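Structure file entry_12.cif (mmCIF, C-alpha atoms and all ligand atoms) is printed below.
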```cif
data_upload
loop_
_atom_site.label_atom_id
_atom_site.label_comp_id
_atom_site.auth_asym_id
_atom_site.auth_seq_id
_atom_site.Cartn_x
_atom_site.Cartn_y
_atom_site.Cartn_z
CA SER A 2 9.28 11.47 -35.68
CA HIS A 3 7.46 13.38 -32.91
CA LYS A 4 9.19 15.36 -30.16
CA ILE A 5 7.08 15.47 -27.00
CA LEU A 6 7.10 18.01 -24.20
CA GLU A 7 5.44 16.47 -21.17
CA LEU A 8 4.23 19.14 -18.73
CA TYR A 9 3.17 18.44 -15.16
CA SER A 10 4.74 15.06 -15.87
CA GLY A 11 4.10 13.60 -12.41
CA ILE A 12 5.06 9.93 -12.25
CA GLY A 13 4.81 9.85 -16.04
CA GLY A 14 1.42 8.47 -17.04
CA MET A 15 1.56 10.45 -20.27
CA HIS A 16 4.88 8.80 -21.14
CA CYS A 17 3.30 5.42 -20.42
CA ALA A 18 0.37 6.28 -22.66
CA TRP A 19 2.55 7.42 -25.56
CA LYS A 20 4.18 3.98 -25.64
CA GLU A 21 0.85 2.18 -25.58
CA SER A 22 -0.31 4.18 -28.63
CA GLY A 23 2.39 2.70 -30.88
CA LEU A 24 3.10 6.18 -32.21
CA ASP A 25 6.49 7.29 -33.52
CA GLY A 26 8.08 9.71 -31.06
CA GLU A 27 10.36 10.50 -28.15
CA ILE A 28 9.78 12.44 -24.94
CA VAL A 29 12.45 15.12 -25.27
CA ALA A 30 11.51 16.74 -21.98
CA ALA A 31 9.30 16.24 -18.93
CA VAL A 32 8.73 19.11 -16.49
CA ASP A 33 7.64 18.83 -12.86
CA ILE A 34 8.61 20.60 -9.63
CA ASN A 35 7.86 17.67 -7.31
CA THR A 36 11.01 15.89 -6.13
CA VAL A 37 9.27 12.68 -5.06
CA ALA A 38 7.29 12.42 -8.28
CA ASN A 39 10.41 13.19 -10.31
CA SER A 40 12.26 10.41 -8.47
CA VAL A 41 9.54 7.94 -9.39
CA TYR A 42 9.63 9.22 -12.96
CA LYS A 43 13.41 8.83 -13.15
CA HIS A 44 13.12 5.29 -11.86
CA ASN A 45 10.98 4.19 -14.79
CA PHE A 46 12.52 6.44 -17.42
CA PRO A 47 16.26 6.85 -16.64
CA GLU A 48 16.77 7.88 -20.27
CA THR A 49 14.33 10.78 -20.35
CA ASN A 50 15.15 14.47 -19.92
CA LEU A 51 13.42 15.43 -16.67
CA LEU A 52 13.58 19.01 -15.43
CA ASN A 53 12.83 20.26 -11.94
CA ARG A 54 11.53 23.59 -13.25
CA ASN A 55 8.49 25.86 -13.01
CA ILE A 56 6.23 25.85 -16.07
CA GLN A 57 6.48 29.65 -15.95
CA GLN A 58 10.27 29.46 -16.39
CA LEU A 59 9.64 27.73 -19.71
CA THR A 60 10.29 30.08 -22.60
CA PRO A 61 9.13 29.73 -26.23
CA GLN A 62 12.82 30.05 -27.05
CA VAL A 63 13.96 27.02 -25.05
CA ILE A 64 10.87 25.09 -26.16
CA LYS A 65 11.83 25.92 -29.76
CA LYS A 66 15.41 24.71 -29.38
CA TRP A 67 14.14 21.38 -28.05
CA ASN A 68 12.25 21.07 -31.32
CA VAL A 69 9.07 19.79 -29.66
CA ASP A 70 6.00 19.47 -31.90
CA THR A 71 3.77 17.81 -29.33
CA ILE A 72 2.70 18.84 -25.83
CA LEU A 73 1.24 16.43 -23.24
CA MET A 74 -0.07 18.13 -20.14
CA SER A 75 -2.24 17.62 -17.07
CA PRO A 76 -2.21 20.96 -15.19
CA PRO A 77 -3.52 20.66 -11.60
CA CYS A 78 -6.39 22.68 -10.14
CA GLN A 79 -4.72 25.23 -7.95
CA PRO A 80 -5.88 28.61 -6.78
CA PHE A 81 -5.22 32.04 -8.11
CA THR A 82 -6.67 33.81 -5.08
CA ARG A 83 -6.86 33.39 -1.33
CA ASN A 84 -9.43 35.21 0.81
CA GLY A 85 -9.62 38.25 -1.45
CA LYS A 86 -6.04 38.58 -2.69
CA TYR A 87 -4.18 37.35 -5.78
CA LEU A 88 -1.69 34.59 -5.11
CA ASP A 89 1.90 35.42 -6.05
CA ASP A 90 3.25 34.36 -9.47
CA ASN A 91 6.33 32.67 -7.98
CA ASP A 92 4.56 30.88 -5.12
CA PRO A 93 4.89 27.21 -6.14
CA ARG A 94 1.31 26.48 -5.12
CA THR A 95 -0.47 28.79 -7.55
CA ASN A 96 -2.00 27.94 -10.90
CA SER A 97 0.53 28.00 -13.71
CA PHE A 98 -1.79 27.22 -16.63
CA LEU A 99 -2.50 30.85 -17.52
CA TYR A 100 1.16 31.15 -18.48
CA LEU A 101 0.75 28.43 -21.12
CA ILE A 102 -2.31 30.02 -22.72
CA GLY A 103 -0.20 33.15 -22.98
CA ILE A 104 2.85 31.67 -24.69
CA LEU A 105 0.82 29.64 -27.20
CA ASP A 106 1.07 32.14 -30.07
CA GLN A 107 4.86 31.83 -29.98
CA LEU A 108 5.06 28.05 -29.82
CA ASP A 109 5.41 28.08 -33.61
CA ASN A 110 6.60 24.46 -33.90
CA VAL A 111 4.00 22.87 -31.61
CA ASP A 112 1.52 20.92 -33.77
CA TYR A 113 -0.31 18.62 -31.39
CA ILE A 114 -1.59 19.32 -27.89
CA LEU A 115 -3.31 16.89 -25.52
CA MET A 116 -4.52 18.07 -22.13
CA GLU A 117 -6.23 16.23 -19.28
CA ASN A 118 -8.16 18.27 -16.71
CA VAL A 119 -10.68 17.98 -13.86
CA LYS A 120 -14.38 17.44 -14.34
CA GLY A 121 -15.98 20.87 -14.57
CA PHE A 122 -13.09 22.52 -16.35
CA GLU A 123 -15.34 22.72 -19.40
CA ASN A 124 -17.54 25.16 -17.47
CA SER A 125 -14.61 27.26 -16.23
CA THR A 126 -13.55 30.74 -17.38
CA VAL A 127 -10.08 29.31 -17.93
CA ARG A 128 -11.43 26.76 -20.39
CA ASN A 129 -13.24 29.46 -22.36
CA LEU A 130 -10.01 31.45 -22.57
CA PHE A 131 -7.95 28.40 -23.42
CA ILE A 132 -10.19 27.36 -26.31
CA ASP A 133 -10.23 30.97 -27.45
CA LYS A 134 -6.44 30.98 -27.63
CA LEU A 135 -6.54 27.81 -29.72
CA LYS A 136 -8.82 29.33 -32.38
CA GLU A 137 -6.61 32.42 -32.45
CA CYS A 138 -3.55 30.28 -33.17
CA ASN A 139 -5.28 28.28 -35.92
CA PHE A 140 -5.75 25.15 -33.81
CA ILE A 141 -8.66 22.78 -34.34
CA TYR A 142 -9.88 20.69 -31.42
CA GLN A 143 -12.22 18.25 -29.77
CA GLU A 144 -13.26 18.31 -26.10
CA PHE A 145 -14.11 15.09 -24.27
CA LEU A 146 -15.59 14.01 -20.96
CA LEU A 147 -14.39 10.43 -20.58
CA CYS A 148 -14.50 7.79 -17.91
CA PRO A 149 -12.31 4.66 -18.15
CA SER A 150 -15.48 2.60 -17.61
CA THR A 151 -16.44 3.27 -21.23
CA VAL A 152 -12.97 2.25 -22.39
CA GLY A 153 -13.57 -1.22 -20.92
CA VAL A 154 -11.69 -0.46 -17.70
CA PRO A 155 -13.45 -1.25 -14.38
CA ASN A 156 -12.93 2.14 -12.75
CA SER A 157 -14.55 5.57 -12.56
CA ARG A 158 -12.36 8.57 -13.33
CA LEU A 159 -14.41 11.22 -15.07
CA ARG A 160 -12.00 13.72 -16.63
CA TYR A 161 -11.98 16.54 -19.17
CA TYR A 162 -9.86 16.13 -22.30
CA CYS A 163 -8.92 18.35 -25.20
CA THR A 164 -7.16 17.11 -28.33
CA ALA A 165 -5.94 20.27 -30.07
CA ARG A 166 -4.30 20.25 -33.46
CA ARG A 167 -2.99 22.61 -36.18
CA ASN A 168 -5.58 23.01 -38.92
CA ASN A 169 -3.13 22.72 -41.81
CA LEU A 170 -2.54 19.05 -41.05
CA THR A 171 -5.21 16.80 -42.54
CA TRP A 172 -7.37 15.51 -39.70
CA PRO A 173 -9.78 12.70 -40.73
CA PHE A 174 -11.51 12.89 -37.35
CA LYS A 175 -15.08 14.22 -37.58
CA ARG A 176 -14.90 16.74 -34.73
CA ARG A 177 -17.78 18.80 -33.32
CA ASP A 178 -18.32 21.66 -30.87
CA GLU A 179 -20.44 19.65 -28.40
CA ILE A 180 -18.59 17.54 -25.81
CA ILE A 181 -18.04 13.85 -26.58
CA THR A 182 -19.00 11.40 -23.82
CA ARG A 183 -17.45 8.32 -25.42
CA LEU A 184 -14.92 7.50 -28.15
CA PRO A 185 -16.13 6.15 -31.55
CA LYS A 186 -14.39 2.88 -30.75
CA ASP A 187 -16.52 0.64 -28.51
CA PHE A 188 -14.58 -1.38 -25.93
CA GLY A 189 -17.63 -3.23 -24.65
CA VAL A 190 -18.10 -4.12 -21.00
CA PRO A 191 -15.22 -3.57 -18.54
CA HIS A 192 -13.58 -6.80 -17.38
CA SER A 193 -13.78 -7.99 -13.77
CA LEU A 194 -10.98 -7.29 -11.29
CA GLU A 195 -9.58 -10.83 -11.08
CA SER A 196 -6.86 -10.22 -13.68
CA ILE A 197 -5.49 -7.56 -11.38
CA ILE A 198 -5.42 -8.99 -7.85
CA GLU A 199 -2.68 -10.87 -5.98
CA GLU A 200 -3.14 -13.73 -3.50
CA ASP A 201 -0.18 -13.13 -1.18
CA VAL A 202 -1.26 -9.67 -0.08
CA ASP A 203 0.41 -8.36 3.08
CA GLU A 204 -1.69 -7.64 6.18
CA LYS A 205 -0.43 -4.04 6.16
CA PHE A 206 -3.10 -3.16 3.59
CA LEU A 207 -5.96 -4.22 5.87
CA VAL A 208 -8.23 -1.31 6.71
CA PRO A 209 -7.51 -0.14 10.31
CA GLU A 210 -10.07 -0.03 13.13
CA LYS A 211 -10.33 3.76 13.31
CA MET A 212 -11.27 3.60 9.62
CA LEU A 213 -13.68 0.71 10.19
CA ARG A 214 -15.71 3.14 12.30
CA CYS A 215 -16.64 4.86 9.02
CA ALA A 216 -17.76 1.58 7.43
CA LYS A 217 -21.16 2.99 6.45
CA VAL A 218 -19.78 5.03 3.54
CA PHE A 219 -17.28 2.55 2.13
CA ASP A 220 -17.70 1.33 -1.42
CA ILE A 221 -16.72 -2.32 -1.46
CA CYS A 222 -15.34 -4.30 -4.38
CA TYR A 223 -14.98 -8.03 -4.98
CA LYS A 224 -13.17 -10.11 -7.62
CA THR A 225 -16.36 -10.18 -9.74
CA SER A 226 -16.71 -6.36 -9.65
CA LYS A 227 -16.67 -4.62 -13.02
CA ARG A 228 -16.41 -1.16 -11.47
CA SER A 229 -14.63 0.74 -8.72
CA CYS A 230 -14.66 4.24 -7.29
CA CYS A 231 -12.16 6.94 -8.27
CA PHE A 232 -8.90 6.79 -6.33
CA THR A 233 -7.71 10.16 -4.98
CA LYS A 234 -4.58 11.35 -3.19
CA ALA A 235 -6.50 11.01 0.08
CA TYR A 236 -6.98 7.26 -0.36
CA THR A 237 -6.20 5.60 3.02
CA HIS A 238 -6.16 9.04 4.71
CA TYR A 239 -9.93 9.15 5.05
CA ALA A 240 -12.57 6.52 4.54
CA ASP A 241 -14.70 8.27 2.08
CA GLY A 242 -14.86 9.48 -1.52
CA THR A 243 -11.21 8.53 -1.79
CA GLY A 244 -11.56 5.16 -3.50
CA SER A 245 -12.99 1.66 -3.28
CA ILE A 246 -12.30 -0.97 -0.63
CA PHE A 247 -11.70 -4.65 -1.46
CA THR A 248 -12.47 -7.99 0.19
CA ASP A 249 -12.12 -11.63 -0.83
CA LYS A 250 -15.34 -12.51 0.97
CA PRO A 251 -18.68 -13.02 -0.86
CA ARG A 252 -20.88 -9.93 -1.10
CA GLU A 253 -23.60 -11.87 0.73
CA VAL A 254 -21.31 -12.19 3.74
CA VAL A 255 -20.61 -8.44 3.59
CA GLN A 256 -24.36 -7.75 3.76
CA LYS A 257 -24.98 -9.94 6.82
CA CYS A 258 -22.25 -8.08 8.69
CA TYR A 259 -23.74 -4.72 7.71
CA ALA A 260 -27.12 -5.91 9.00
CA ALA A 261 -25.71 -7.27 12.26
CA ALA A 262 -23.75 -4.02 12.69
CA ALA A 263 -27.02 -2.13 12.24
CA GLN A 264 -28.32 -3.44 15.56
CA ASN A 265 -25.41 -1.69 17.26
CA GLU A 266 -23.97 1.68 18.17
CA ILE A 267 -22.36 3.23 15.11
CA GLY A 268 -18.55 3.11 15.08
CA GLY A 269 -18.97 1.15 18.30
CA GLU A 270 -16.79 -1.59 19.79
CA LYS A 271 -19.19 -4.38 18.83
CA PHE A 272 -19.75 -2.58 15.52
CA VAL A 273 -16.01 -2.80 14.70
CA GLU A 274 -15.47 -6.47 15.66
CA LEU A 275 -18.00 -7.46 12.99
CA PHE A 276 -16.20 -5.40 10.35
CA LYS A 277 -12.79 -6.58 11.55
CA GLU A 278 -13.71 -10.10 10.41
CA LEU A 279 -14.59 -9.02 6.87
CA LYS A 280 -10.86 -8.67 6.11
CA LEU A 281 -11.51 -5.42 4.19
CA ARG A 282 -8.25 -4.11 2.75
CA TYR A 283 -7.03 -1.33 0.49
CA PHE A 284 -5.85 -1.93 -3.06
CA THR A 285 -2.05 -2.14 -3.19
CA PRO A 286 -0.12 0.52 -5.18
CA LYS A 287 0.61 -2.25 -7.68
CA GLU A 288 -3.08 -3.04 -8.12
CA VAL A 289 -3.99 0.63 -8.50
CA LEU A 290 -1.26 0.86 -11.16
CA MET A 291 -2.86 -2.05 -13.06
CA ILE A 292 -6.28 -0.51 -12.53
CA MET A 293 -5.00 2.76 -14.04
CA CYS A 294 -3.68 0.67 -16.94
CA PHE A 295 0.02 1.20 -16.37
CA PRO A 296 2.24 -1.52 -17.87
CA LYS A 297 3.74 -4.31 -15.73
CA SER A 298 7.28 -3.10 -16.44
CA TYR A 299 6.26 0.05 -14.58
CA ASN A 300 7.18 -0.28 -10.92
CA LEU A 301 7.46 2.03 -7.92
CA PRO A 302 10.64 2.61 -5.90
CA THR A 303 10.60 0.83 -2.53
CA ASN A 304 12.25 3.93 -1.05
CA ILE A 305 9.01 5.94 -1.11
CA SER A 306 6.32 5.30 1.51
CA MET A 307 2.78 4.02 1.08
CA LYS A 308 1.25 7.43 1.78
CA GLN A 309 3.48 9.02 -0.83
CA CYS A 310 2.52 6.25 -3.24
CA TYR A 311 -1.21 6.84 -2.92
CA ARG A 312 -0.78 10.61 -3.23
CA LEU A 313 1.23 10.18 -6.46
CA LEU A 314 -1.17 7.54 -7.82
CA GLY A 315 -4.19 9.72 -7.05
CA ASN A 316 -2.76 12.55 -9.17
CA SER A 317 -1.90 10.41 -12.19
CA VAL A 318 -3.72 9.51 -15.39
CA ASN A 319 -5.42 6.45 -16.82
CA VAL A 320 -2.82 5.29 -19.33
CA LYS A 321 -5.40 3.57 -21.56
CA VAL A 322 -7.76 6.49 -22.14
CA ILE A 323 -4.90 8.81 -23.14
CA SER A 324 -3.43 6.21 -25.47
CA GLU A 325 -6.82 6.07 -27.19
CA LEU A 326 -7.02 9.87 -27.50
CA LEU A 327 -3.45 9.99 -28.81
CA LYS A 328 -4.51 7.61 -31.59
CA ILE A 329 -7.40 9.92 -32.42
CA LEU A 330 -5.32 13.11 -32.17
CA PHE A 331 -2.72 11.81 -34.63
CA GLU A 332 -4.95 10.07 -37.17
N1 LIG A 401 4.19 25.07 -11.91
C1 LIG A 401 4.50 23.79 -12.05
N2 LIG A 401 5.61 23.43 -12.79
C2 LIG A 401 5.94 22.09 -12.93
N3 LIG A 401 5.17 21.12 -12.34
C3 LIG A 401 4.07 21.47 -11.61
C4 LIG A 401 3.72 22.80 -11.46
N4 LIG A 401 2.61 22.85 -10.70
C5 LIG A 401 2.25 21.59 -10.37
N5 LIG A 401 3.15 20.72 -10.93
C6 LIG A 401 3.13 19.24 -10.84
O1 LIG A 401 2.17 18.70 -11.72
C7 LIG A 401 1.56 17.55 -11.17
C8 LIG A 401 0.08 17.53 -11.56
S1 LIG A 401 -0.77 15.97 -11.20
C9 LIG A 401 -0.47 15.32 -12.87
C10 LIG A 401 0.74 14.39 -12.89
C11 LIG A 401 0.86 13.38 -14.04
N6 LIG A 401 -0.23 13.49 -15.01
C12 LIG A 401 1.03 11.95 -13.53
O2 LIG A 401 0.87 10.98 -14.27
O3 LIG A 401 1.35 11.72 -12.36
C13 LIG A 401 1.80 17.61 -9.66
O4 LIG A 401 2.37 16.40 -9.23
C14 LIG A 401 2.76 18.77 -9.44
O5 LIG A 401 3.93 18.34 -8.76
CA CA A 402 1.53 35.81 -26.29
#
```

Turn this file's structure into structure tokens for me.
Amino acid sequence: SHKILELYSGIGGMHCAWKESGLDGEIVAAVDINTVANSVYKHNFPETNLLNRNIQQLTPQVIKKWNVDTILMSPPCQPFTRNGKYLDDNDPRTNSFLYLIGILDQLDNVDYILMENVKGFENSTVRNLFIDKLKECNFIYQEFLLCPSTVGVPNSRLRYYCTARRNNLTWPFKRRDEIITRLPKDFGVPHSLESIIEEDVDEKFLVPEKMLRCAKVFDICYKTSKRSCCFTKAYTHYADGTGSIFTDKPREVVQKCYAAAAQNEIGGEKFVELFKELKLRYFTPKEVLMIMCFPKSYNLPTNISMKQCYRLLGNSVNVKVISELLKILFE
């Protein structure tokens, strides 16, 4: 019944979320300029129209012929300016979102829009313009600031959301101008991480010594943990702010090591030997996929490397949160 245009499709978290919603619709087109991401997307959705094309090459005309009524989009935060000068409009690394805001008034068929964005977008000049273009085009909307930890998922991933909708379609949802911090539906307390952890985990995921020098700023998780830090694209590149670290050892054991390592030179030789025996390891791409609520049928190609995997995973969406917003957007 619904024709979806999936912009900045990435590895296709939106597509995964549309399925989880139970809603009637097809993805008629997914648009992304990243060849690796596209390859991952094609692997899981061989059937889906995937276009290696710039968002700015997308015309109202071609969007109209596709007969899309629904847009799913997660535009990245990219610059418009570098050290005093405007970035070029055909440089692939400049923000493309302004183009969308422009062409909105001529997307006559588009009825439903869902966008994910970074925390802080809601305070941006772009956001103010974007909302302003919605009102102009007779769209009604709700903005959210949601974390998966409120949707019963043991992970932090604070993101901005906007569910925008044409006002001539009856929307039962009691919207409001102030930002919503949690959905009306209560999911209770996030489950532990045991459901999503494998026993036969390869030693390649063990945190390396150079990394173990930065042990002081690691956030550690255990099987009983009901939370974890936000995974980024820099997970396993740097030790810090990039995501949580896991161990099978009791948290009490972890504390003794930290104490014993405190009576040593930081990042030191003796400092590292103590942390080496904690068996700290990264989450596997599979685990991160389960953490981000992708389905088990969803798998990654073995032809792409670990570093590629984590970069792609760090840019993706939580499938569960979007599925819940899709339900709200279409009620
Ligand atoms: N101008 C543009 N046209 C098409 N795709 C673009 C683009 N600018 C950035 N992108 C792509 O959009 C992605 C944004 S990250 C969001 C990806 C997606 N939500 C997922 O589940 O993975 C990046 O991977 C980037 O390759
Ligand atoms: Ca216009």

Proximity to residue A:9 - best of A:151, A:96, A:109, A:62, all atoms listed in the file
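Answer, going by the shortest atom-to-atom distance: A:96.
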
Taking only C-alpha atoms and all ligand atoms into account, which residues are within 6 Å of ligand LIG 401 (chain A), as a list in words?
residues 9, 10, 11, 12, 13, 14, 32, 33, 34, 35, 54, 55, 56, 75, 76, 77, 97, 316, 317 and 318 of chain A

So how far away is atom CA of residue A:28 from atom CA of residue A:16, in Å?
7.2 Å

Listing only residues of stretch 166-197 of chain A within 8 Å of stretch 213-229 of chain A, what is the closest atom pair and its distance in Å (to one decimal) for each, using all atoms listed in the file, sorted by chain and residue number ascending, as a tab-separated table?
```
residue	atom	partner	partner_atom	distance
A:191	CA	A:227	CA	5.8
A:192	CA	A:227	CA	5.8
A:193	CA	A:227	CA	4.5
A:194	CA	A:224	CA	5.1
A:195	CA	A:224	CA	5.0
```

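Using all atoms listed in the file, the smallest distance between any of A:79, A:71, A:124, A:324 and residue A:110 comes from A:71.
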
In Å, rounded to a single decimal, give me how far atom CA of residue A:320 is from atom CA of residue A:154.
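Between these atoms lies a distance of 10.7 Å.
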
Contacts of residue A:291 at 12 Å (all atoms listed in the file; same-chain gap of 5+ positions) as a list in words:
residues 154, 155, 156, 194, 195, 196, 197, 198, 199, 284, 285, 286, 296, 297, 298, 299, 300, 314, 318, 319, 320 and 321 of chain A

Find the residues near ligand CA 402 (chain A). Use a cut-off of 7 Å, count all atoms listed in the file, and write them as a PyMOL selection string.
chain A and resi 103-107

Can you work out which one of A:293, A:63, A:114, A:279 has the shortest atom-to-atom distance to residue A:164, counting all atoms listed in the file?
A:114

Contacts of residue A:128 at 12 Å or less, counting only C-alpha atoms, minus same-chain residues fewer than 4 places along, as a list in words?
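The contact residues come out as residues 98, 99, 102, 116, 117, 118, 119, 120, 121, 122, 123, 124, 132, 133, 134, 135, 144, 161, 162 and 163 of chain A.
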
Do you know which residues are at most 12 Å from residue A:263 counting only C-alpha atoms, after dropping those on the same chain fewer than 4 positions away, and could you put them as a PyMOL selection string?
chain A and resi 216-217+256-259+267-269+271-273+275-276

My list of candidates is A:22, A:36, A:50, A:237. Which is closest to residue A:330 when distances are computed with all atoms listed in the file?
A:22

Hey, can you check how far atom CA of residue A:327 sits from atom CA of residue A:94?
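Between atom CA of residue A:327 and atom CA of residue A:94 the gap is 29.3 Å.
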
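Between residue A:277 and the residues A:179, A:89, A:7, A:210, the shortest atom-to-atom distance, using all atoms listed in the file, involves A:210.
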
Could you write out as AutoDock Vina command-line options the box around stretch 253-272 of chain A (axis-aligned, all atoms listed in the file, 5 Å on each side), with centre and edge lengths in Å to one decimal?
```
--center_x -22.6 --center_y -4.5 --center_z 10.3 --size_x 21.5 --size_y 25.4 --size_z 29.1
```

Generate the coordinates of N, CA, C and O atoms for stretch 226-244 of chain A; report them as a CSV table (one decimal), in the frame of the given file.
```csv
chain,number,residue,atom,x,y,z
A,226,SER,N,-16.4,-7.8,-9.4
A,226,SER,CA,-16.7,-6.4,-9.6
A,226,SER,C,-16.2,-5.9,-11.0
A,226,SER,O,-15.0,-6.1,-11.4
A,227,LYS,N,-17.1,-5.2,-11.7
A,227,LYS,CA,-16.7,-4.6,-13.0
A,227,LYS,C,-16.6,-3.1,-12.9
A,227,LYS,O,-16.6,-2.4,-14.0
A,228,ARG,N,-16.5,-2.6,-11.7
A,228,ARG,CA,-16.4,-1.2,-11.5
A,228,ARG,C,-15.7,-0.9,-10.2
A,228,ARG,O,-15.6,-1.8,-9.3
A,229,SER,N,-15.2,0.3,-10.0
A,229,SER,CA,-14.6,0.7,-8.7
A,229,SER,C,-14.7,2.2,-8.7
A,229,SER,O,-14.7,2.9,-9.7
A,230,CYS,N,-14.7,2.8,-7.4
A,230,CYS,CA,-14.7,4.2,-7.3
A,230,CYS,C,-13.3,4.9,-7.7
A,230,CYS,O,-12.3,4.2,-7.7
A,231,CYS,N,-13.4,6.2,-7.9
A,231,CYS,CA,-12.2,6.9,-8.3
A,231,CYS,C,-11.2,7.1,-7.1
A,231,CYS,O,-11.5,7.5,-6.0
A,232,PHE,N,-9.9,6.6,-7.3
A,232,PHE,CA,-8.9,6.8,-6.3
A,232,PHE,C,-8.4,8.2,-6.3
A,232,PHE,O,-8.2,8.9,-7.4
A,233,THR,N,-8.2,8.8,-5.1
A,233,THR,CA,-7.7,10.2,-5.0
A,233,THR,C,-6.4,10.1,-4.3
A,233,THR,O,-5.8,9.0,-4.0
A,234,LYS,N,-5.8,11.3,-4.0
A,234,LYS,CA,-4.6,11.4,-3.2
A,234,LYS,C,-4.8,11.1,-1.7
A,234,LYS,O,-3.9,10.8,-1.0
A,235,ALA,N,-6.1,11.2,-1.3
A,235,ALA,CA,-6.5,11.0,0.1
A,235,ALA,C,-6.9,9.6,0.4
A,235,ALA,O,-7.4,9.3,1.5
A,236,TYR,N,-6.7,8.7,-0.6
A,236,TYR,CA,-7.0,7.3,-0.4
A,236,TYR,C,-6.1,6.7,0.8
A,236,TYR,O,-4.9,6.9,0.8
A,237,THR,N,-6.8,6.1,1.8
A,237,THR,CA,-6.2,5.6,3.0
A,237,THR,C,-5.9,6.7,4.1
A,237,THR,O,-5.4,6.4,5.2
A,238,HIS,N,-6.2,7.9,3.7
A,238,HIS,CA,-6.2,9.0,4.7
A,238,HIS,C,-7.5,9.2,5.4
A,238,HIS,O,-7.6,9.4,6.6
A,239,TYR,N,-8.6,9.1,4.6
A,239,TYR,CA,-9.9,9.2,5.0
A,239,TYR,C,-10.7,8.0,4.4
A,239,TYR,O,-10.2,7.4,3.4
A,240,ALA,N,-11.9,7.8,4.9
A,240,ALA,CA,-12.6,6.5,4.5
A,240,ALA,C,-13.4,6.7,3.3
A,240,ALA,O,-14.0,5.7,2.8
A,241,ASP,N,-13.5,7.9,2.8
A,241,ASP,CA,-14.7,8.3,2.1
A,241,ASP,C,-14.6,9.2,0.9
A,241,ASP,O,-14.1,10.4,1.0
A,242,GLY,N,-14.9,8.7,-0.3
A,242,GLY,CA,-14.9,9.5,-1.5
A,242,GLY,C,-13.5,9.3,-2.1
A,242,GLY,O,-13.2,9.8,-3.2
A,243,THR,N,-12.6,8.6,-1.4
A,243,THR,CA,-11.2,8.5,-1.8
A,243,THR,C,-10.9,7.3,-2.7
A,243,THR,O,-9.9,7.3,-3.4
A,244,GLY,N,-11.8,6.3,-2.7
A,244,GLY,CA,-11.6,5.2,-3.5
A,244,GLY,C,-12.3,4.0,-2.9
A,244,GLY,O,-12.8,4.0,-1.8
```
